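Peer 1: Right, I'll just put the structure down here and ask away after.
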Amino acid sequence: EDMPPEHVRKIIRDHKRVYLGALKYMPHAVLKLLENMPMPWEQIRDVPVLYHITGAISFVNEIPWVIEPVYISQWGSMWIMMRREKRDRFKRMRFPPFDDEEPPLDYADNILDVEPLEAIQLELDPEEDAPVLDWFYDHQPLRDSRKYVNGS
Amino acid sequence: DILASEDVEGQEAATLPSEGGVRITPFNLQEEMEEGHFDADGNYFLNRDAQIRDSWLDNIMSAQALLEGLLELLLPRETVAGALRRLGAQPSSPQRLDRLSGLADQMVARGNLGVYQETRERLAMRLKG
Amino acid sequence: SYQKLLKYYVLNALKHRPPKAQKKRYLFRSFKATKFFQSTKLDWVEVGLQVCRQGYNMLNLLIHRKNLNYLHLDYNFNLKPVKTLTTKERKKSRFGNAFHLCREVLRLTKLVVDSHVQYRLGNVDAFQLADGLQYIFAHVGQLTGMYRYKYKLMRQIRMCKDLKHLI
Amino acid sequence: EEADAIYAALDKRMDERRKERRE
């Protein structure tokens, strides 16, 4: 079974035939990282992670399954909200922000206890959008309901 | 036919590589004779063996003490990974979990692989032997 | 742009062939039976930073395997010499195009991850994050030098240019 | 010695997907 995050956090923080062979599958880890990027209406996303005993490589180990009409409806909601936001409001982000000589930022000291901002969500009026109001902005909606989705 | 290094009449030294950001040519025909060669009439031919073609290059604690610490941090009939699960279940004891992970890394780095699936009695017999 | 997008769709529809039957394939199920790997549950941004620092460590190990001392790789994945090279040192610096290709892939990945790291620190809005992620996948060819390393990659940029126009 | 045998067994398992067809 699984393992608490503090162990693998210590593994990545403090750190050779067994070590050298695990770096062969690095672009596969790049692909598994890039196919699971969070949607504009999500704030956080938890994923499982496989990792080596010494922190050689880290995978994401999950296929991003969505329900297709829900997915098209959510992106149409984002489309309407972003049109509304540009007709209302612009500073494009300065690219690569973190400089060349400084290491990438530690997660445990700077993001771990900082609460995130608000995401991009539509209003969803409670009279007409009543069949969709309880599940429209979850990560995997209706996952734990036996009546709509077959299981986990 | 080919020209030697004696048919140049006046090569000199190679003192400085650059100044002011401008690369200095070393005034000798050594590197041109390394890259290619000359004929009798002074034309230059270049060698063409650059297979890879390299598109960026063209334009530039004792182990017994570790065992005693693990026997301190293990209850009997339990593996090390199970002790990690129990201490990490914020965890209950972050400090002893951190200590157990540090002892595990210090035993992995000494060549002992697979220390996570190790029971208390087997580590006690390892310390005894 | 309409004609080129429709051309690529006609080519993908014409060159379609059914895949060959085979035994079903599972990599991480073979990785799990190996005792050298463990499993956990993490946040996406934390593993996104772990992946880019592991890629930096891998490229640094591939630099310092051949006892090279005169090259320097930045944390944002830029490789620069520290001095003016010689004849033999350029012969000892002959890596393939796959090295610089994986370098630019990790550079793209670090841009994509740090765009979220700048967001979860409260610096930019999600309305600005959605612009920033949209600029990266449109302008890979301008933000990275990855087009010099694979020429067929010129197909991948212009399509992302064409979808840039229509939308 | 054991770790390279483990990675070779995993590589042989990856090659088992096409082993009787490829050779």
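Sequence positions for chain B are given in Swiss-Prot numbering; the residues included correspond to 64-123, 152-180, 192-231, in order.
Cβ coordinates are placed from backbone N, Cα and C, and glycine is handled just like the others.
Relevant sequence annotations retrieved from Swiss-Prot are reproduced here:
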MOD_RES   B:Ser118  phosphoserine
MOD_RES   B:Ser194  phosphoserine
MOD_RES   B:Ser195  phosphoserine
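What's the neighbourhood like for these features in this structure?
Peer 2: The Cβ of B:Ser118 (phosphoserine) has 16 neighbouring Cβ atoms from other residues within 10 Å, across all protein chains displayed.
In the three-state DSSP reading, B:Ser194 (phosphoserine) counts as coil. Around B:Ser194 (phosphoserine), the C-beta neighbours below 8 angstroms that are at least 6 residues distant in the chain are B:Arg177, B:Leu178, B:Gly179, B:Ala180.
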Peer 1: Whole-number answer please: how many Å between the C-alpha atoms of B:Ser195 (phosphoserine) and B:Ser118 (phosphoserine)?
Peer 2: 53
Peer 1: Could you tell me which three-state DSSP class B:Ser118 (phosphoserine) falls into?
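Peer 2: The residue in question, B:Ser118 (phosphoserine), is coil (DSSP, three-state).
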Peer 1: With every protein chain in view, what's the tally of Cβ atoms within 10 Å of the Cβ of B:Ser195 (phosphoserine), excluding that atom itself?
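Peer 2: The answer is 14 other Cβ atoms.
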